[PDB]
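Just the heavy atoms: all of them, side chains too, but no hydrogens, waters or symmetry mates, feed the values below. Starting from 1, each residue takes its place in the sequence as its number. In each ligand, atom 1 is the first atom listed, and ligand 1 is the first ligand listed.
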Amino acid sequence: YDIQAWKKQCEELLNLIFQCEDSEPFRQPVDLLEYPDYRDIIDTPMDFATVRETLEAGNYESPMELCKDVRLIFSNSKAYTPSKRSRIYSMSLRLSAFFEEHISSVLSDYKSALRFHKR
Ligand SMILES: Cc1nc2ccccc2n1CCC(N)=O
């Protein structure tokens with residue numbers, strides 16, 4: 001029932017994500033010199049360094065907000081990919097599966113703790 005436990009749990013999951021080779025295309029903002037039309041397709045860029053910095057600044061109130069930004073990294077990759085078989089998009093799908101598998105208990109524990117707080 002610890003309402004604050006999600007933050008360190010998210011920090012540890014982000015550390016695992018940064019160790020994953022599949023996260024390399026998503027660690028830093030997409031470079032416009034490499035992908036000149038990126039901002040014609042993607043309105044809201046997101047990357048794992050931005051998520052980590054937002055968490056560390058104390059700018060997430062809940063793990064749901066962090067989850068929304070991580071999911072935006074994956075939806076941006078899906079929207080930008082020229083093919084559903086592209087290398088970077090394929091890496092995004094594996095990384096998304098790994099993230100969803102691990103974030104599930106973080107979200108459940110937070111929501112349960114909050115329900116207990118408001119009982
Ligand atoms: C984030 C992303 N998703 C893509 C899907 C397909 C092709 C490129 C893609 N990028 C950019 C890779 C980078 N510039 O770091």
Decide whether a cation-pi geometry holds between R71 and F74; the criteria are a distance under 6.0 Å from NZ or CZ to the six-membered ring centre and an angle within 45° of the ring axis.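 No; the conditions do not both hold, so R71 does not lie above the ring face of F74.
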With under 30° as parallel and over 60° as perpendicular, where do the rings of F18 and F48 fit, or are they tilted in between?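 The arrangement is perpendicular - the two ring planes meet at more than 60°.
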Among [options], which one has a heavy atom closest to [atom]?
atom	options	value
atom 3 (N) of ligand 1	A79, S77, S83	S77
atom 14 (N) of ligand 1	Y35, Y89, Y38	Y35
atom 12 (C) of ligand 1	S90, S86, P25	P25

Is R52 paired with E11 through a side-chain N to carboxylate O contact shorter than 4.0 Å?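 Result for this pair is no, no salt bridge flagged.
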Give a yes or no answer on whether the side chain of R87 reaches the backbone of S90 with a donor-acceptor pair at less than 3.5 Å.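 No: the side chain of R87 does not pair with the backbone of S90.
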Less than 3.5 Å apart, any donor N or O on the side chain of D69 or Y60 sitting next to an acceptor on the other?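 A donor-acceptor contact under 3.5 Å links the two side chains.
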Would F26 count as a polar contact of ligand 1, with the cut-off being nitrogen or oxygen pairs under 3.5 Å?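 The answer is no, given that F26 and ligand 1 share no N or O pair closer than 3.5 Å.
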Give the residue and atom name of whichever protein heavy atom lies nearest to atom 9 (C) of ligand 1, and the separation in Å to one decimal.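 Its nearest protein heavy-atom neighbour is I88 CG2, 3.5 Å.
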